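Protein chains in written order, with the entry's author numbering: chain V, 8 to 96, 104 to 138, 159 to 218, 223 to 304; chain W, 32 to 149; chain X, 52 to 141, 153 to 185; chain J, 620 to 786; chain L, 404 to 539, 544 to 645; chain Y, 27 to 117, 138 to 178.
Working notes for the structure below.
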Amino acid sequence: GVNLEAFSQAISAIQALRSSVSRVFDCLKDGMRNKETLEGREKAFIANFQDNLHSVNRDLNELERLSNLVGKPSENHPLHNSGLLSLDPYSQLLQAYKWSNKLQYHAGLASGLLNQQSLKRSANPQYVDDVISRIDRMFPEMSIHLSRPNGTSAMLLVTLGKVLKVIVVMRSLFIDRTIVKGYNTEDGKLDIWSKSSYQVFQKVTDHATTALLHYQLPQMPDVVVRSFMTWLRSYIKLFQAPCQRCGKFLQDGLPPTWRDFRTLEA
Amino acid sequence: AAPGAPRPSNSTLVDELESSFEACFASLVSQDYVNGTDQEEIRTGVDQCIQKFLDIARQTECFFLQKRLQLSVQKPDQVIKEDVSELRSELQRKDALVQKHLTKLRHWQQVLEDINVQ
Amino acid sequence: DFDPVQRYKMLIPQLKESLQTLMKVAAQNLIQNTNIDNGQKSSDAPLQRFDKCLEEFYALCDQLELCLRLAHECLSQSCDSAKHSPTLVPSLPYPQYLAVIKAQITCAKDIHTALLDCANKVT
Amino acid sequence: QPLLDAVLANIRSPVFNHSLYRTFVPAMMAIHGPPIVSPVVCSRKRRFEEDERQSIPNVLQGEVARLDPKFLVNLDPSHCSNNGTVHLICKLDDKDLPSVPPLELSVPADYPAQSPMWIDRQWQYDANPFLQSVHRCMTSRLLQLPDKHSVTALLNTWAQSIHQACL
Amino acid sequence: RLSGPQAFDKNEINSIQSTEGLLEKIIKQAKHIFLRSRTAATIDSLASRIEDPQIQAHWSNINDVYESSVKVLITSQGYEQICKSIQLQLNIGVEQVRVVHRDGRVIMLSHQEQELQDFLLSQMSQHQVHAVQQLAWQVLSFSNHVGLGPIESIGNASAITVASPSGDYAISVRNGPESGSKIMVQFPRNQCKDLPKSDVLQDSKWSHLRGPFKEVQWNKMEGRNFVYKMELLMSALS
Amino acid sequence: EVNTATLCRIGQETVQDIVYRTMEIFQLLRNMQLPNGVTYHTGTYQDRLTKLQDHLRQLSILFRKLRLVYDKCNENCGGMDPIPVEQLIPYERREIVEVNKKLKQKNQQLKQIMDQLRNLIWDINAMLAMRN
Numbered sequence: 008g009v010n011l012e013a014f015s016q017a018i019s020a021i022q023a024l025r026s027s028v029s030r031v032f033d034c035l036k037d038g039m040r041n042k043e044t045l046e047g048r049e050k051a052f053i054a055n056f057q058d059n060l061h062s063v064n065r066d067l068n069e070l071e072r073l074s075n076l077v078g079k080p081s082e083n084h085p086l087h088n089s090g091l092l093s094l095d096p104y105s106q107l108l109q110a111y112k113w114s115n116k117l118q119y120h121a122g123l124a125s126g127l128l129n130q131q132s133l134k135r136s137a138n159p160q161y162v163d164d165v166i167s168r169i170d171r172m173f174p175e176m177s178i179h180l181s182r183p184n185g186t187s188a189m190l191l192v193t194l195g196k197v198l199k200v201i202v203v204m205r206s207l208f209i210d211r212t213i214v215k216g217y218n223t224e225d226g227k228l229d230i231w232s233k234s235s236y237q238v239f240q241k242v243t244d245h246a247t248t249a250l251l252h253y254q255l256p257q258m259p260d261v262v263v264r265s266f267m268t269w270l271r272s273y274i275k276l277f278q279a280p281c282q283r284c285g286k287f288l289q290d291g292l293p294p295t296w297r298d299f300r301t302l303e304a
Numbered sequence: 032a033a034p035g036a037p038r039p040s041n042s043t044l045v046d047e048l049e050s051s052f053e054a055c056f057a058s059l060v061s062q063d064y065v066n067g068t069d070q071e072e073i074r075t076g077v078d079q080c081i082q083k084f085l086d087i088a089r090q091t092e093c094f095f096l097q098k099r100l101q102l103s104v105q106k107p108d109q110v111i112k113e114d115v116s117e118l119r120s121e122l123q124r125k126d127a128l129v130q131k132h133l134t135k136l137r138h139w140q141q142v143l144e145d146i147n148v149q
Numbered sequence: 052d053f054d055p056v057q058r059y060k061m062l063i064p065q066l067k068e069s070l071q072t073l074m075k076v077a078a079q080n081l082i083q084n085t086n087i088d089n090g091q092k093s094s095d096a097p098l099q100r101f102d103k104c105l106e107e108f109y110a111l112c113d114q115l116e117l118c119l120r121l122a123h124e125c126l127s128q129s130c131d132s133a134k135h136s137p138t139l140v141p153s154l155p156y157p158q159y160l161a162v163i164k165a166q167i168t169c170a171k172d173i174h175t176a177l178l179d180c181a182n183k184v185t
Numbered sequence: 620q621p622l623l624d625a626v627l628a629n630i631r632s633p634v635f636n637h638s639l640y641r642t643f644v645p646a647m648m649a650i651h652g653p654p655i656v657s658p659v660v661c662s663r664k665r666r667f668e669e670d671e672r673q674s675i676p677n678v679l680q681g682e683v684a685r686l687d688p689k690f691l692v693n694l695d696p697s698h699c700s701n702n703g704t705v706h707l708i709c710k711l712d713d714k715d716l717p718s719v720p721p722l723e724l725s726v727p728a729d730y731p732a733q734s735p736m737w738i739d740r741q742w743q744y745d746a747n748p749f750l751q752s753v754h755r756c757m758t759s760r761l762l763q764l765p766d767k768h769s770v771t772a773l774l775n776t777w778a779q780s781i782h783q784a785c786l
Numbered sequence: 404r405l406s407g408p409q410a411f412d413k414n415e416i417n418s419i420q421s422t423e424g425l426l427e428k429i430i431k432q433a434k435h436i437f438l439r440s441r442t443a444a445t446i447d448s449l450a451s452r453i454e455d456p457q458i459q460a461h462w463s464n465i466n467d468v469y470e471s472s473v474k475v476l477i478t479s480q481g482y483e484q485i486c487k488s489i490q491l492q493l494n495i496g497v498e499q500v501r502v503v504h505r506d507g508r509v510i511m512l513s514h515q516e517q518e519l520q521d522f523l524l525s526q527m528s529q530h531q532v533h534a535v536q537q538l539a544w545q546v547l548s549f550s551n552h553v554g555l556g557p558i559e560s561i562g563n564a565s566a567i568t569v570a571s572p573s574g575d576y577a578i579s580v581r582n583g584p585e586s587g588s589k590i591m592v593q594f595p596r597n598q599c600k601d602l603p604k605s606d607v608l609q610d611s612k613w614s615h616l617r618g619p620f621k622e623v624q625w626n627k628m629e630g631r632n633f634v635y636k637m638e639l640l641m642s643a644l645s
Numbered sequence: 027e028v029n030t031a032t033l034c035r036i037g038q039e040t041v042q043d044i045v046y047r048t049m050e051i052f053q054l055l056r057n058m059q060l061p062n063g064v065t066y067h068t069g070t071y072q073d074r075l076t077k078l079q080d081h082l083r084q085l086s087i088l089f090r091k092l093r094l095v096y097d098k099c100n101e102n103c104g105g106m107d108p109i110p111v112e113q114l115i116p117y138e139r140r141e142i143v144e145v146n147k148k149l150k151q152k153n154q155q156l157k158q159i160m161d162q163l164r165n166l167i168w169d170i171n172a173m174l175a176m177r178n
């Protein structure tokens with residue numbers, strides 16, 4: 008359902024075609040103003056004609072989009088407009111929808127902008163952890179499960195597609211002390231402090247510790263864990279390395295900027 | 032012709048902040064027909080809602096800090112009294128935390144003494 | 052009684068043909084006027100108006116823009132309400159749907175009124 | 620594709636420009652109906668006067684502005700109205716030992732060249748032992764600057780050489 | 404027998420059994436004395452750096468047999484938004500700690516190597532003045552590591568370099584490993600010393616530039632924990 | 027009782043608090059879906075409404091207190107008539143000393159207690175780990 012963008016682009020293209028025709032026929036109403044060496048108006052004429060051709064081509068290309076207009080006559084919208092004439096004395107519902115959309119977008123933008131708040135300083159619950167863990171596990175290809183073997187510590191474990199599972203410990207909040215290990223583990227009947235790797239997942243554990251020390255927000259730990267999980271999800275490909283080659287070293291990954299590249303290059 | 036040499040401005044920095052705050056909300060509240068379209072306009076609205084607000088907030092903060100400077104250079108006794116009060120409050124808070132920790136420790140000691148009957 | 056996409060697909064090639072004929076009639080009228088105003092009489096033949104062509108081209112452009120605007124508004128108002136309720140029409155009864163819509167409108171209006179009153183009382 | 624209008628407007632070489640008006644303006648005035656499409660009033664005598672008639676090449680002024688408070692330049696009896704525009708007396712007043720000021724007469728401030736003048740080399744540098752060593756390394760260092768610049772580059776090179784040969 | 408199906412080359416063939424006895428107790432005692440020494444060093448650095456931004460450490464509950472976990476943040480006095488440097492080091496038994504400051508800067512220390520803490524304190528004061536300028544004004548991001556040498560850099564390269572213009576003025580600072588860490592200079596635009604020789608010839612007399620240094624002379628100033636740089640930055644415009 | 031320095035500190039804290047409450051109410055309005063969306067008829071809706079009402083009421087209180095403290099500070103203009111401190115920067139006590147000494151002694155005792163506390167924590171967490 009991305010037809011709204013195509014429709015907006017088509018509207019803009021038609022408006023551009025109209026404006027280009029208007030500009031062409033307004034400039035053609037004026038000869039060479041002042042050349043004194045050679046009539047350079049032919050260049051502007053050719054540019055305007057090429058712009059008209061560009062707009063026509065853009066309209067023809069947008070014609071390829073907009074596959075079909077589905078049925079479902081406004082998707083349960085007609086209840087009093089197309090329904091009983093008593094019911095529609104109706105615009106209140108549409109006004110409420112538009113106002114809610116505008117309020118949501120405006121509040122989102124305002125929050126994203128005021129994220130850099132001028133807060134000087136801060137001066138003058160083992161039930162929601164399972165819920166937050168389940169809400170985070172609701173994401174695809176991120177099957178996790180917490181064990182809590184010793185005390186209130188949430189010694190959970192994650193695994194995305196590979197056998198590179200990560201035993202990320204927690205403290206009922208602001209989870210820290212993570213250790214990544216690939217291709218087998224859980225010795226005995228619990229987690230471990232092995233951290234064994236092939237000199238590659240050691241860098242991954244270092245980056246994960248840096249991230250855990252990086253996302254330390256003053257409040258809202260649920261958003262912190264969600265950001266941590268969507269940051270960790272970027273390790274599902276490992277098939278990119280800008281600013282260098284793919285194999286500059288043995289390993290290649292550091293995406294704090296949502297673009298993983300070769301290490302020792304940041 | 033304000034962009035010229037003169038620039039009238041008076042009775043601001045408090046009511047001006049309040050006015051900006053209550054005014055850049057008008058994009059949300061209005062006894063008008065909310066149009067059935069919204070794109071790249073609420074953004075440029077909230078931009079100037081937030082920027083001028085933060086600017087006037089920082090202006091007020093700088094005014095408060097300048098007042099603090101003039102007060103410290105004109106009357107350090109108030110700063111000394113405030114420091115003494117803060118130290119007293121910190122001492123009281125530390126004593127309360129220590130008392131709570133001692134109560135919890137004694138409770139746990141009694142719990143262990145009652146549980147180690149074996 | 053066709054779909055807006057069908058009207059768009061049937062209007063675009065007529066639009067292109069109208070643009071081509073517009074350019075042709077403009078060129079013919081211009082060359083006729085020049086030959087009749089600069090050189091010798093050569094274009095002694097009745098030419099078109101060039102206005103009855105541009106008016107029709109603008110009409111086609113405007114009608115296509117209106118059709119696409121109607122389709123966009125329809126899809127937009129159908130998308131936002133589809134994510135606010137299930138489908139039930141000849153999974154839910156109609157009176158319950160009407161009551162839920164009325165309660166939703168009332169709650170949104172109440173939230174807006176409370177926020178406006180508080181913002182007005184703030185200053 | 621509709622190159623008819625293009626080729627006709629290209630063919631329309633003659634000087635008489637009234638056919639386009641009579642051919643297009645009626646249609647546009649019929650469809651678009653602005654009595655004043657540009658109602659703004661424009662009556663402009665643009666240039667009244669623009670000259671300070673006291674300015675030396677502005678490019679040099681930028682460098683004399685960018686100078687550190689340690690340096691200070693001036694003007695001697697000046698053959699520097701507009702072309703040479705400079706032969707200054709820059710005393711390197713700083714923390715370390717002072718020296719003799721050079722002339723540094725530069726070319727037009729567009730600077731497809733450098734300053735170095737080396738006027739008082741004769742008696743000033745030969746007289747003193749330290750000043751003699753000052754000139755020595757400083758010449759070799761100035762023979763290295765690729766397209767040196769008048770005030771900042773040459774003055775900083777002079778100060779650096781003066782406080783380096785000082786050892 | 405698990406080596407049959409899952410044929411491990413040399414990992415499980417060696418991990419199936421290992422030595423024990425006295426080596427384990429020795430490693431445990433080494434870890435104990437290492438943790439004690441690290442804690443004592445942190446406590447001593449806290450008791451010494453009083454006026455400096457007080458260091459803030461935080462231990463962990465999960466202390467394993469050999470390895471453990473320690474967390475620490477700078478957390479300058481009365482400023483939670485100035486936590487620009489917070490590292491988490493683990494103090495293993497048969498080796499040294501492996502700290503990572505913020506940006507994956509993993510390093511390995513020694514028995515009595517604590518100058519890293521001092522260098523981090525210096526650059527954390529630098530980042531603190533940077534952030535407090537970016538909050539209150545027009546501070547660019549040229550707070551580099553160290554450049555060209557203010558004091559010859561004694562104390563493991565600790566030499567701050569940052570500046571920020573609020574309005575027409577501009578303020579720059581350079582802190583280091585106690586070797587002139589209180590170096591702050593603020594150069595205004597207009598002053599007494601000048602040279603009207605080639606300046607008067609310049610049209611629109613240039614009083615906008617800012618030449619004279621006019622060092623701040625950080626003596627008896629109201630700097631409580633060096634986090635009061637904004638308390639001086641406020642002297643920009645009434 | 028002047029307490030003018032604490033007045034300015036409270037004013038700055040109130041400014042920061044107004045900014046933070048604006049950010050909080052905007053973050054709350056961000057995730058405010060339609061009332062009759064799926065299941066939450068009024069419970070979550072009424073809860074969010076009450077939270078927003080409390081936010082806005084406390085914000086009005088903050089603005090009132092800010093106006094009050096600004097008026098008090100502007101009215102407290104006394105002494106140092108020029109006040110060139112913004113451009114003139116350089117370019138009783140026994141009770142404070144006794145309080146500092148007492149605070150240092152209390153902090154020393156606190157560190158002495160914390161040493162044994164962390165020692166016991168390490169001992170327990172390391173001994174229960176060698177189990178089995």
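Think of the CB as a built atom: it goes at the ideal place given N, C-alpha and C, for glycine as much as any other residue.
Report the CB separation of residue i from residue j in whole angstroms; it is logged as a contact under 8 Å.
i                 : j                 : result
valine 500(L)     : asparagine 494(L) : 5 Å
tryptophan 231(V) : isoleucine 209(V) : In fact, because the Cβ distance is near 16 Å, the residues do not count as touching under 8 Å.
So if DSSP puts residue i in a beta bridge, which residue, or which two residues, is it bridged to?
i                : result
residue 652(L)   : The structure shown does not extend to residue 652(L), since chain L is modelled only from 404 through 645, so no value can be given for it.
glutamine 593(L) : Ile578(L)
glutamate 622(L) : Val592(L)
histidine 461(L) : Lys474(L)
For residue i, count neighbouring C-beta atoms within 10 Å of its own C-beta (all shown protein chains included) and say buried if the count is 16 or more, exposed if not.
i                 : result
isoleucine 489(L) : buried
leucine 86(V)     : buried
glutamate 138(Y)  : exposed
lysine 215(V)     : buried
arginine 177(Y)   : exposed
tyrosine 111(V)   : buried
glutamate 723(J)  : buried
Helix, strand or coil, according to DSSP, for residue i in the structure here?
i                : result
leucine 191(V)   : strand
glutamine 609(L) : coil
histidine 615(L) : coil
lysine 112(V)    : helix
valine 214(V)    : strand
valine 162(V)    : helix
Handout entry: Near-chain X residues of the segment 650-667 of chain J - C-beta to any C-beta below 9 Å
Key = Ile650
Note to self: Against chain X, which members of the segment 41-59 of chain W pass a CB distance test of less than 9 Å?
What the structure shows: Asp46, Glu49, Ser50, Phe52, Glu53, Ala54, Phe56, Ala57, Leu59
* To do: Check each residue of the segment 104-121 of chain V: if its Cβ is closer than 8 Å to any Cβ of chain W, include it; give the result in chain order.
  => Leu108, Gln109, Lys112, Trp113, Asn115, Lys116, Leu117, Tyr119, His120
*Mind checking the segment 679-699 of chain J against chain L and listing, in chain order, the residues whose C-beta falls within less than 8 Å of any C-beta there?*
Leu679, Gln680, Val683, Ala684, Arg685, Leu686, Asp687, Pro688, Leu691, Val692, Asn693, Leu694
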